[PDB]
Amino acid sequence: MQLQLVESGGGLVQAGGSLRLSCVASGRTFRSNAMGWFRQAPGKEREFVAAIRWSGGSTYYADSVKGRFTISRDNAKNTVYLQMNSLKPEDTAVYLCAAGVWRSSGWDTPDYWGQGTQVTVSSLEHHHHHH
């Protein structure tokens, strides 16, 4: 059972608004003891935002986003939440989730990564889309 991370919630928010990501793992499947959340950009590799493991606390965030950015694991339906409150206009990038198992050395190994959900934080602006 390989971790296939299906991410959703990707859209445009304004700078100071809240955006929640949800990553459903293979519909409803488990094999990930070590998970994460990373940001990716054109030319820039995935940078550590957060990490969630099997119990122990499972919580990480940057100083510049202290407390506003929060994470949760809901393994009952196998969905991982990234609740980012008050996003900066420079969070216009493609976020992805991480998955994998723990190393016996005590090191954290992201074996899998997400499909890449594009989050676009506009500077206090929005976009209309007619059908």
# chains A, B, ... in the order shown; residues from 1 in each chain; ligands from 1
>>> closest_atom_pairs(of="segment 15-54 of chain A", to="segment 97-120 of chain A", cutoff="9 Å", atoms="only C-alpha atoms", output="Markdown table")
| residue | atom | partner | partner_atom | distance |
| --- | --- | --- | --- | --- |
| A:19 | CA | A:119 | CA | 8.6 |
| A:21 | CA | A:117 | CA | 8.5 |
| A:23 | CA | A:97 | CA | 7.1 |
| A:31 | CA | A:100 | CA | 7.5 |
| A:32 | CA | A:100 | CA | 4.8 |
| A:33 | CA | A:101 | CA | 4.6 |
| A:34 | CA | A:101 | CA | 4.9 |
| A:35 | CA | A:99 | CA | 4.2 |
| A:36 | CA | A:98 | CA | 4.4 |
| A:37 | CA | A:97 | CA | 4.5 |
| A:38 | CA | A:97 | CA | 6.1 |
| A:39 | CA | A:97 | CA | 8.6 |
| A:40 | CA | A:116 | CA | 8.2 |
| A:51 | CA | A:98 | CA | 8.2 |
| A:53 | CA | A:102 | CA | 8.5 |
>>> write_last_selection(atoms="N, CA and C atoms", output="mmCIF file, in the first residue's frame")
data_model
loop_
_atom_site.group_PDB
_atom_site.id
_atom_site.type_symbol
_atom_site.label_atom_id
_atom_site.label_comp_id
_atom_site.auth_asym_id
_atom_site.auth_seq_id
_atom_site.Cartn_x
_atom_site.Cartn_y
_atom_site.Cartn_z
ATOM 1 N N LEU A 19 -6.489 29.864 4.635
ATOM 2 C CA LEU A 19 -6.624 28.790 3.645
ATOM 3 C C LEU A 19 -6.284 27.447 4.308
ATOM 4 N N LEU A 21 -5.680 23.344 3.589
ATOM 5 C CA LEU A 21 -5.401 22.229 2.684
ATOM 6 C C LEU A 21 -5.823 20.920 3.362
ATOM 7 N N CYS A 23 -5.242 16.645 2.507
ATOM 8 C CA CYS A 23 -4.547 15.640 1.701
ATOM 9 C C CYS A 23 -5.059 14.249 2.071
ATOM 10 N N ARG A 31 -0.032 3.732 5.884
ATOM 11 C CA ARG A 31 1.270 3.036 5.970
ATOM 12 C C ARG A 31 2.379 4.071 6.293
ATOM 13 N N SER A 32 1.954 5.282 6.692
ATOM 14 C CA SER A 32 2.847 6.429 6.879
ATOM 15 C C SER A 32 2.997 6.741 8.380
ATOM 16 N N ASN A 33 4.184 6.446 8.926
ATOM 17 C CA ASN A 33 4.526 6.715 10.334
ATOM 18 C C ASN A 33 5.118 8.129 10.489
ATOM 19 N N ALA A 34 5.678 8.660 9.385
ATOM 20 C CA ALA A 34 6.313 9.989 9.341
ATOM 21 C C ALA A 34 5.757 10.770 8.140
ATOM 22 N N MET A 35 5.194 11.960 8.403
ATOM 23 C CA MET A 35 4.555 12.825 7.382
ATOM 24 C C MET A 35 5.059 14.264 7.535
ATOM 25 N N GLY A 36 4.797 15.098 6.514
ATOM 26 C CA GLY A 36 5.210 16.497 6.538
ATOM 27 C C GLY A 36 4.351 17.389 5.665
ATOM 28 N N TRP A 37 4.694 18.681 5.663
ATOM 29 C CA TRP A 37 4.145 19.692 4.753
ATOM 30 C C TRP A 37 5.308 20.573 4.307
ATOM 31 N N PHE A 38 5.416 20.773 2.997
ATOM 32 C CA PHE A 38 6.537 21.476 2.363
ATOM 33 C C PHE A 38 5.990 22.457 1.306
ATOM 34 N N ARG A 39 6.735 23.537 1.042
ATOM 35 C CA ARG A 39 6.396 24.513 -0.017
ATOM 36 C C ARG A 39 7.376 24.340 -1.184
ATOM 37 N N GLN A 40 6.887 24.460 -2.403
ATOM 38 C CA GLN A 40 7.689 24.255 -3.628
ATOM 39 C C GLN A 40 7.401 25.443 -4.561
ATOM 40 N N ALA A 51 5.589 19.024 10.179
ATOM 41 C CA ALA A 51 5.708 17.554 10.198
ATOM 42 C C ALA A 51 4.795 16.929 11.269
ATOM 43 N N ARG A 53 3.907 13.008 12.908
ATOM 44 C CA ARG A 53 4.225 11.583 13.083
ATOM 45 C C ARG A 53 3.096 10.859 13.830
#
>>> select_by_dssp(residues="segment 33-63 of chain A", states="strand (DSSP E or B)", output="number ranges by chain")
A: 34-41, 44-53
>>> write_last_selection(atoms="N, CA, C and O atoms", output="PDB file, in the first residue's frame")
ATOM      1  N   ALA A  34       5.678   8.660   9.385  1.00  0.00           N
ATOM      2  CA  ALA A  34       6.313   9.989   9.341  1.00  0.00           C
ATOM      3  C   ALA A  34       5.757  10.770   8.140  1.00  0.00           C
ATOM      4  O   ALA A  34       5.820  10.290   7.010  1.00  0.00           O
ATOM      5  N   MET A  35       5.194  11.960   8.403  1.00  0.00           N
ATOM      6  CA  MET A  35       4.555  12.825   7.382  1.00  0.00           C
ATOM      7  C   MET A  35       5.059  14.264   7.535  1.00  0.00           C
ATOM      8  O   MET A  35       5.656  14.611   8.560  1.00  0.00           O
ATOM      9  N   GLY A  36       4.797  15.098   6.514  1.00  0.00           N
ATOM     10  CA  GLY A  36       5.210  16.497   6.538  1.00  0.00           C
ATOM     11  C   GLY A  36       4.351  17.389   5.665  1.00  0.00           C
ATOM     12  O   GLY A  36       3.384  16.938   5.052  1.00  0.00           O
ATOM     13  N   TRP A  37       4.694  18.681   5.663  1.00  0.00           N
ATOM     14  CA  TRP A  37       4.145  19.692   4.753  1.00  0.00           C
ATOM     15  C   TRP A  37       5.308  20.573   4.307  1.00  0.00           C
ATOM     16  O   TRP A  37       6.105  21.025   5.138  1.00  0.00           O
ATOM     17  N   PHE A  38       5.416  20.773   2.997  1.00  0.00           N
ATOM     18  CA  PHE A  38       6.537  21.476   2.363  1.00  0.00           C
ATOM     19  C   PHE A  38       5.990  22.457   1.306  1.00  0.00           C
ATOM     20  O   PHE A  38       4.906  22.242   0.761  1.00  0.00           O
ATOM     21  N   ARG A  39       6.735  23.537   1.042  1.00  0.00           N
ATOM     22  CA  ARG A  39       6.396  24.513  -0.017  1.00  0.00           C
ATOM     23  C   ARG A  39       7.376  24.340  -1.184  1.00  0.00           C
ATOM     24  O   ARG A  39       8.559  24.135  -0.972  1.00  0.00           O
ATOM     25  N   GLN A  40       6.887  24.460  -2.403  1.00  0.00           N
ATOM     26  CA  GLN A  40       7.689  24.255  -3.628  1.00  0.00           C
ATOM     27  C   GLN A  40       7.401  25.443  -4.561  1.00  0.00           C
ATOM     28  O   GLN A  40       6.291  25.970  -4.566  1.00  0.00           O
ATOM     29  N   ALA A  41       8.404  25.881  -5.318  1.00  0.00           N
ATOM     30  CA  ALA A  41       8.302  27.069  -6.193  1.00  0.00           C
ATOM     31  C   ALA A  41       9.128  26.824  -7.471  1.00  0.00           C
ATOM     32  O   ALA A  41      10.051  26.014  -7.436  1.00  0.00           O
ATOM     33  N   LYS A  44      12.855  26.505  -7.045  1.00  0.00           N
ATOM     34  CA  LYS A  44      13.110  26.284  -5.603  1.00  0.00           C
ATOM     35  C   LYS A  44      12.534  24.927  -5.160  1.00  0.00           C
ATOM     36  O   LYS A  44      11.386  24.605  -5.464  1.00  0.00           O
ATOM     37  N   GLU A  45      13.350  24.148  -4.442  1.00  0.00           N
ATOM     38  CA  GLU A  45      12.964  22.827  -3.894  1.00  0.00           C
ATOM     39  C   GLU A  45      11.992  22.964  -2.703  1.00  0.00           C
ATOM     40  O   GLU A  45      11.747  24.073  -2.194  1.00  0.00           O
ATOM     41  N   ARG A  46      11.443  21.815  -2.276  1.00  0.00           N
ATOM     42  CA  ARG A  46      10.461  21.751  -1.182  1.00  0.00           C
ATOM     43  C   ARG A  46      11.098  22.135   0.189  1.00  0.00           C
ATOM     44  O   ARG A  46      12.048  21.495   0.640  1.00  0.00           O
ATOM     45  N   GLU A  47      10.581  23.215   0.828  1.00  0.00           N
ATOM     46  CA  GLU A  47      11.093  23.737   2.108  1.00  0.00           C
ATOM     47  C   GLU A  47      10.154  23.335   3.251  1.00  0.00           C
ATOM     48  O   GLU A  47       8.931  23.441   3.117  1.00  0.00           O
ATOM     49  N   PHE A  48      10.755  22.905   4.367  1.00  0.00           N
ATOM     50  CA  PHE A  48      10.054  22.376   5.543  1.00  0.00           C
ATOM     51  C   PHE A  48       9.143  23.446   6.189  1.00  0.00           C
ATOM     52  O   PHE A  48       9.622  24.480   6.664  1.00  0.00           O
ATOM     53  N   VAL A  49       7.827  23.181   6.163  1.00  0.00           N
ATOM     54  CA  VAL A  49       6.803  24.022   6.813  1.00  0.00           C
ATOM     55  C   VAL A  49       6.355  23.355   8.129  1.00  0.00           C
ATOM     56  O   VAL A  49       6.317  24.001   9.183  1.00  0.00           O
ATOM     57  N   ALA A  50       6.048  22.042   8.055  1.00  0.00           N
ATOM     58  CA  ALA A  50       5.487  21.273   9.183  1.00  0.00           C
ATOM     59  C   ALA A  50       5.842  19.776   9.082  1.00  0.00           C
ATOM     60  O   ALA A  50       6.341  19.324   8.049  1.00  0.00           O
ATOM     61  N   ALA A  51       5.589  19.024  10.179  1.00  0.00           N
ATOM     62  CA  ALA A  51       5.708  17.554  10.198  1.00  0.00           C
ATOM     63  C   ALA A  51       4.795  16.929  11.269  1.00  0.00           C
ATOM     64  O   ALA A  51       4.676  17.440  12.405  1.00  0.00           O
ATOM     65  N   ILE A  52       4.158  15.811  10.872  1.00  0.00           N
ATOM     66  CA  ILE A  52       3.238  15.031  11.708  1.00  0.00           C
ATOM     67  C   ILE A  52       3.689  13.566  11.715  1.00  0.00           C
ATOM     68  O   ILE A  52       3.815  12.951  10.658  1.00  0.00           O
ATOM     69  N   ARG A  53       3.907  13.008  12.908  1.00  0.00           N
ATOM     70  CA  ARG A  53       4.225  11.583  13.083  1.00  0.00           C
ATOM     71  C   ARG A  53       3.096  10.859  13.830  1.00  0.00           C
ATOM     72  O   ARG A  53       2.060  11.457  14.170  1.00  0.00           O
TER      73      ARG A  53
END
>>> residues_around(residues="segment 64-68 of chain A", least_positions_apart="4", cutoff="10 Å", atoms="only C-alpha atoms", output="ChimeraX atom specification")
/A:18,49,60,83-88
>>> write_last_selection(atoms="C-alpha atoms", output="PDB file, in the first residue's frame")
ATOM      1  CA  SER A  18      -7.102  31.789   6.013  1.00  0.00           C
ATOM      2  CA  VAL A  49       6.803  24.022   6.813  1.00  0.00           C
ATOM      3  CA  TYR A  60       6.033  22.279  13.387  1.00  0.00           C
ATOM      4  CA  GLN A  83      -4.683  25.033   8.371  1.00  0.00           C
ATOM      5  CA  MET A  84      -2.763  28.186   7.376  1.00  0.00           C
ATOM      6  CA  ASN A  85      -4.258  31.393   8.883  1.00  0.00           C
ATOM      7  CA  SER A  86      -3.101  34.820   7.626  1.00  0.00           C
ATOM      8  CA  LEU A  87      -1.062  33.802   4.548  1.00  0.00           C
ATOM      9  CA  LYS A  88       1.563  36.238   3.213  1.00  0.00           C
TER      10      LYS A  88
END
>>> closest_residue(among="A:76, A:82, A:3, A:63", to="residue 25 of chain A", atoms="only C-alpha atoms")
A:3
>>> atom_distance(atom1="atom CA of residue 12 of chain A", atom2="atom CA of residue 74 of chain A")
24.8 Å
>>> closest_residue(among="A:58, A:4, A:123, A:26", to="residue 92 of chain A", atoms="only C-alpha atoms")
A:123
>>> atom_distance(atom1="atom CA of residue 28 of chain A", atom2="atom CA of residue 10 of chain A")
20.2 Å
>>> residues_around(residues="residue 121 of chain A", least_positions_apart="6", cutoff="6 Å", atoms="only C-alpha atoms", output="list in words")
residues 12, 13, 14, 15, 89, 91 and 92 of chain A
>>> decode(residues="segment 6-115 of chain A", atoms="C-alpha atoms", output="PDB file, in the first residue's frame")
ATOM      1  CA  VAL A   6      -4.382  13.448  -3.122  1.00  0.00           C
ATOM      2  CA  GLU A   7      -4.363  17.155  -2.140  1.00  0.00           C
ATOM      3  CA  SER A   8      -7.328  19.598  -2.255  1.00  0.00           C
ATOM      4  CA  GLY A   9      -8.150  23.201  -1.181  1.00  0.00           C
ATOM      5  CA  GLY A  10      -5.758  24.764  -3.749  1.00  0.00           C
ATOM      6  CA  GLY A  11      -7.037  28.224  -4.778  1.00  0.00           C
ATOM      7  CA  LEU A  12      -6.559  32.005  -4.428  1.00  0.00           C
ATOM      8  CA  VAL A  13      -6.815  33.797  -1.050  1.00  0.00           C
ATOM      9  CA  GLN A  14      -5.920  37.402  -0.096  1.00  0.00           C
ATOM     10  CA  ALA A  15      -2.915  38.326   2.145  1.00  0.00           C
ATOM     11  CA  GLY A  16      -4.239  38.019   5.755  1.00  0.00           C
ATOM     12  CA  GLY A  17      -7.005  35.494   4.961  1.00  0.00           C
ATOM     13  CA  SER A  18      -7.102  31.789   6.013  1.00  0.00           C
ATOM     14  CA  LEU A  19      -6.624  28.790   3.645  1.00  0.00           C
ATOM     15  CA  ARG A  20      -6.992  25.100   4.644  1.00  0.00           C
ATOM     16  CA  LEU A  21      -5.401  22.229   2.684  1.00  0.00           C
ATOM     17  CA  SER A  22      -6.606  18.609   2.992  1.00  0.00           C
ATOM     18  CA  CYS A  23      -4.547  15.640   1.701  1.00  0.00           C
ATOM     19  CA  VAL A  24      -6.534  12.382   1.443  1.00  0.00           C
ATOM     20  CA  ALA A  25      -4.130   9.382   1.445  1.00  0.00           C
ATOM     21  CA  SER A  26      -5.197   6.892  -1.308  1.00  0.00           C
ATOM     22  CA  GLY A  27      -8.927   7.452  -0.540  1.00  0.00           C
ATOM     23  CA  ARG A  28      -8.568   5.873   2.946  1.00  0.00           C
ATOM     24  CA  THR A  29      -5.240   3.992   3.383  1.00  0.00           C
ATOM     25  CA  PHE A  30      -2.458   3.987   6.052  1.00  0.00           C
ATOM     26  CA  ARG A  31       1.270   3.036   5.970  1.00  0.00           C
ATOM     27  CA  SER A  32       2.847   6.429   6.879  1.00  0.00           C
ATOM     28  CA  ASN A  33       4.526   6.715  10.334  1.00  0.00           C
ATOM     29  CA  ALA A  34       6.313   9.989   9.341  1.00  0.00           C
ATOM     30  CA  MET A  35       4.555  12.825   7.382  1.00  0.00           C
ATOM     31  CA  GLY A  36       5.210  16.497   6.538  1.00  0.00           C
ATOM     32  CA  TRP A  37       4.145  19.692   4.753  1.00  0.00           C
ATOM     33  CA  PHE A  38       6.537  21.476   2.363  1.00  0.00           C
ATOM     34  CA  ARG A  39       6.396  24.513  -0.017  1.00  0.00           C
ATOM     35  CA  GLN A  40       7.689  24.255  -3.628  1.00  0.00           C
ATOM     36  CA  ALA A  41       8.302  27.069  -6.193  1.00  0.00           C
ATOM     37  CA  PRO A  42       9.595  27.324  -9.886  1.00  0.00           C
ATOM     38  CA  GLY A  43      13.394  26.826  -9.414  1.00  0.00           C
ATOM     39  CA  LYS A  44      13.110  26.284  -5.603  1.00  0.00           C
ATOM     40  CA  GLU A  45      12.964  22.827  -3.894  1.00  0.00           C
ATOM     41  CA  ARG A  46      10.461  21.751  -1.182  1.00  0.00           C
ATOM     42  CA  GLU A  47      11.093  23.737   2.108  1.00  0.00           C
ATOM     43  CA  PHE A  48      10.054  22.376   5.543  1.00  0.00           C
ATOM     44  CA  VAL A  49       6.803  24.022   6.813  1.00  0.00           C
ATOM     45  CA  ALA A  50       5.487  21.273   9.183  1.00  0.00           C
ATOM     46  CA  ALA A  51       5.708  17.554  10.198  1.00  0.00           C
ATOM     47  CA  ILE A  52       3.238  15.031  11.708  1.00  0.00           C
ATOM     48  CA  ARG A  53       4.225  11.583  13.083  1.00  0.00           C
ATOM     49  CA  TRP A  54       2.403   8.718  14.855  1.00  0.00           C
ATOM     50  CA  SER A  55       1.658  10.548  18.201  1.00  0.00           C
ATOM     51  CA  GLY A  56       4.297  12.404  20.344  1.00  0.00           C
ATOM     52  CA  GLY A  57       2.971  15.898  19.477  1.00  0.00           C
ATOM     53  CA  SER A  58       3.190  16.148  15.671  1.00  0.00           C
ATOM     54  CA  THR A  59       3.534  19.963  15.207  1.00  0.00           C
ATOM     55  CA  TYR A  60       6.033  22.279  13.387  1.00  0.00           C
ATOM     56  CA  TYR A  61       5.837  25.884  11.995  1.00  0.00           C
ATOM     57  CA  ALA A  62       8.087  28.862  11.071  1.00  0.00           C
ATOM     58  CA  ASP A  63       8.663  31.857  13.440  1.00  0.00           C
ATOM     59  CA  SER A  64       7.144  34.264  10.852  1.00  0.00           C
ATOM     60  CA  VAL A  65       3.861  32.198  10.855  1.00  0.00           C
ATOM     61  CA  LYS A  66       4.011  31.246  14.608  1.00  0.00           C
ATOM     62  CA  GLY A  67       0.688  29.757  15.817  1.00  0.00           C
ATOM     63  CA  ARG A  68      -1.331  30.912  12.751  1.00  0.00           C
ATOM     64  CA  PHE A  69      -0.196  27.880  10.717  1.00  0.00           C
ATOM     65  CA  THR A  70      -1.505  24.677  12.389  1.00  0.00           C
ATOM     66  CA  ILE A  71      -1.532  20.965  11.302  1.00  0.00           C
ATOM     67  CA  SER A  72      -3.605  17.848  12.184  1.00  0.00           C
ATOM     68  CA  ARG A  73      -3.753  14.127  11.238  1.00  0.00           C
ATOM     69  CA  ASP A  74      -7.222  12.560  10.909  1.00  0.00           C
ATOM     70  CA  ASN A  75      -6.359   8.870  10.265  1.00  0.00           C
ATOM     71  CA  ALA A  76     -10.058   7.822  10.775  1.00  0.00           C
ATOM     72  CA  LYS A  77     -10.638   8.804   7.080  1.00  0.00           C
ATOM     73  CA  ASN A  78      -6.868   9.170   6.313  1.00  0.00           C
ATOM     74  CA  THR A  79      -6.770  12.914   5.584  1.00  0.00           C
ATOM     75  CA  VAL A  80      -3.978  15.337   6.642  1.00  0.00           C
ATOM     76  CA  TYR A  81      -4.923  19.015   7.251  1.00  0.00           C
ATOM     77  CA  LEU A  82      -2.711  22.120   6.837  1.00  0.00           C
ATOM     78  CA  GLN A  83      -4.683  25.033   8.371  1.00  0.00           C
ATOM     79  CA  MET A  84      -2.763  28.186   7.376  1.00  0.00           C
ATOM     80  CA  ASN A  85      -4.258  31.393   8.883  1.00  0.00           C
ATOM     81  CA  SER A  86      -3.101  34.820   7.626  1.00  0.00           C
ATOM     82  CA  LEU A  87      -1.062  33.802   4.548  1.00  0.00           C
ATOM     83  CA  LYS A  88       1.563  36.238   3.213  1.00  0.00           C
ATOM     84  CA  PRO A  89       1.449  37.420  -0.510  1.00  0.00           C
ATOM     85  CA  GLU A  90       4.817  35.558  -0.981  1.00  0.00           C
ATOM     86  CA  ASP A  91       2.959  32.223  -0.249  1.00  0.00           C
ATOM     87  CA  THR A  92       2.059  32.286  -3.988  1.00  0.00           C
ATOM     88  CA  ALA A  93       3.587  28.840  -4.775  1.00  0.00           C
ATOM     89  CA  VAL A  94       2.785  25.088  -5.054  1.00  0.00           C
ATOM     90  CA  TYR A  95       2.537  23.278  -1.659  1.00  0.00           C
ATOM     91  CA  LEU A  96       2.890  19.492  -1.267  1.00  0.00           C
ATOM     92  CA  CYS A  97       2.441  17.016   1.624  1.00  0.00           C
ATOM     93  CA  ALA A  98       5.033  14.385   2.676  1.00  0.00           C
ATOM     94  CA  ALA A  99       4.728  10.742   3.793  1.00  0.00           C
ATOM     95  CA  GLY A 100       6.938   7.754   4.707  1.00  0.00           C
ATOM     96  CA  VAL A 101       8.279   5.826   7.739  1.00  0.00           C
ATOM     97  CA  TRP A 102      10.650   6.542  10.681  1.00  0.00           C
ATOM     98  CA  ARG A 103      14.401   5.678  10.491  1.00  0.00           C
ATOM     99  CA  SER A 104      15.980   3.546  13.320  1.00  0.00           C
ATOM    100  CA  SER A 105      18.805   6.181  13.585  1.00  0.00           C
ATOM    101  CA  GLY A 106      16.141   8.741  14.705  1.00  0.00           C
ATOM    102  CA  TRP A 107      16.296  10.717  11.411  1.00  0.00           C
ATOM    103  CA  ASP A 108      13.041  11.757   9.596  1.00  0.00           C
ATOM    104  CA  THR A 109      12.694  10.379   6.026  1.00  0.00           C
ATOM    105  CA  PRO A 110       9.967  11.805   3.653  1.00  0.00           C
ATOM    106  CA  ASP A 111       9.764   8.735   1.329  1.00  0.00           C
ATOM    107  CA  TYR A 112       6.705  10.083  -0.578  1.00  0.00           C
ATOM    108  CA  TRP A 113       5.521  13.611  -1.488  1.00  0.00           C
ATOM    109  CA  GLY A 114       2.176  15.068  -2.658  1.00  0.00           C
ATOM    110  CA  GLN A 115       0.841  15.737  -6.195  1.00  0.00           C
TER     111      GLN A 115
END
